[PDB]
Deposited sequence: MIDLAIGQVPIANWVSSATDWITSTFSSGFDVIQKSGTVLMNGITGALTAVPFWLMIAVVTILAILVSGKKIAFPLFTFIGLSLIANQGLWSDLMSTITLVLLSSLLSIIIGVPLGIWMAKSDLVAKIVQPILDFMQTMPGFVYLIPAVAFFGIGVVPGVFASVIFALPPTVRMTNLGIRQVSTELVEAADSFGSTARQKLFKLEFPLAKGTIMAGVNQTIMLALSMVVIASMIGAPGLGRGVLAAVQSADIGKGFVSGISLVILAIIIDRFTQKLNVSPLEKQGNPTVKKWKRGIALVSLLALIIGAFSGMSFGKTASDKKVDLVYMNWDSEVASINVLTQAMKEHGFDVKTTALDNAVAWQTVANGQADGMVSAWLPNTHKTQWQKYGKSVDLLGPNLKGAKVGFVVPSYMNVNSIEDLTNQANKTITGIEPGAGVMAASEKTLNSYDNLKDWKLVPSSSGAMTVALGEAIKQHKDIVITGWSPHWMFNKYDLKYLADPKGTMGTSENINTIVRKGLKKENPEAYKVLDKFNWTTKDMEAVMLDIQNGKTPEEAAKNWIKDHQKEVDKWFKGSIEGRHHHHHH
């Protein structure tokens, strides 16, 4: 019979988070304020100054070759040209905290590893279980422990970057020639004396190699954690992924490459008020809303913090009390299970947009007019979106509600991955079924249609709402008043989304609509 591993792990994590909650919360406060202060300090430094400083350090470290300093200056100038500075500074602060904590917690661990033969046996298994574990796991408990922000990035980077440092430390202390140790013992060198006189000054090469690996791992894990808090270039590349935006993804990847090469090359050359905290989910529908919301909401004098992450996390984020609110809550069916979990831990306001039409989507030219009239078109696939989405609750139930779909497959993707896959299909002019919703922009470029749902489970009376943590009316009424009024047209929202897909910036397109409808916008501010 099956064993309840999942239940055991969840129960243990719940018991922890209910037990050490105060320590986690105080760590959250201290760490977030610390990292924010460091980032403000670093970005207070103008880009030209810090770029020149780093190029000077490059020159000092190597004065003969002009390759590294040149690459450094050119790349950093390029980054700051693209506008990716503040994000870069957040990335650096995350990486510094991660690397320092990993070193501070690993090198001592390498000591207690090498000086004992039991501890190696205990830990090496743990190191192998940590060093192949995927990064995605490490940031699940992080949210469960500290919640959204920079703290999760730091914690995940710590736990994912510790292994190589510890391993290489234990290797470099266990590999010094036995004659030297035997001598240092023959002269009566206490463990401290030999450790600070013989072990380290010889193992430093391996230790620094392990530290370089630790830094690489922390950097990659920050990029990954971008899905939860973890500001910086990770958010940019993640959004480029969840929207298939090749240009921005390439830009953020090249900037991370520049940062990582800089840090690497350095390492091998040092061996010898009215505020609002909002949440959204990178969906072209919800990018339009919040971005427009923030740009306008700023005008009244509101301090903004938008946080892009996944749907169910946001509900938890808004639920436990870690954020103000969010306007991306499709309801009462697409995101209902989310409500069954954390619908009780909010204070719902009311709709913000009438007419949220959910359903499948197929090219108009194709014959099928309803899902019941589907035999085996498109390799029996359902090219959908991220598995944590809400329609996947519907689609999972859809395939398990009708007969003809009993042998059809659901294949998740991103909310923008299918759109390019769709465009490939229409250019290829092949039948293809895709999970979909409205409002959306591809309807304005292609000739597509929904499929009538005779059972209507996947959504009939659908309408976006917005939620806010309980008692926020007593802690930030200005946004509570503003958010309550946030309800606007269904029809030409799309200008926000059609303009962007044509080649404009989200804020630039979000600005333009507000000028057209400033009168309606000011209604929200009341």
**Message:** Counting from residue 1 of the deposited sequence, where are the gaps with no C-alpha coordinates?
**Reply:** 1-6, 279-319, 574-585
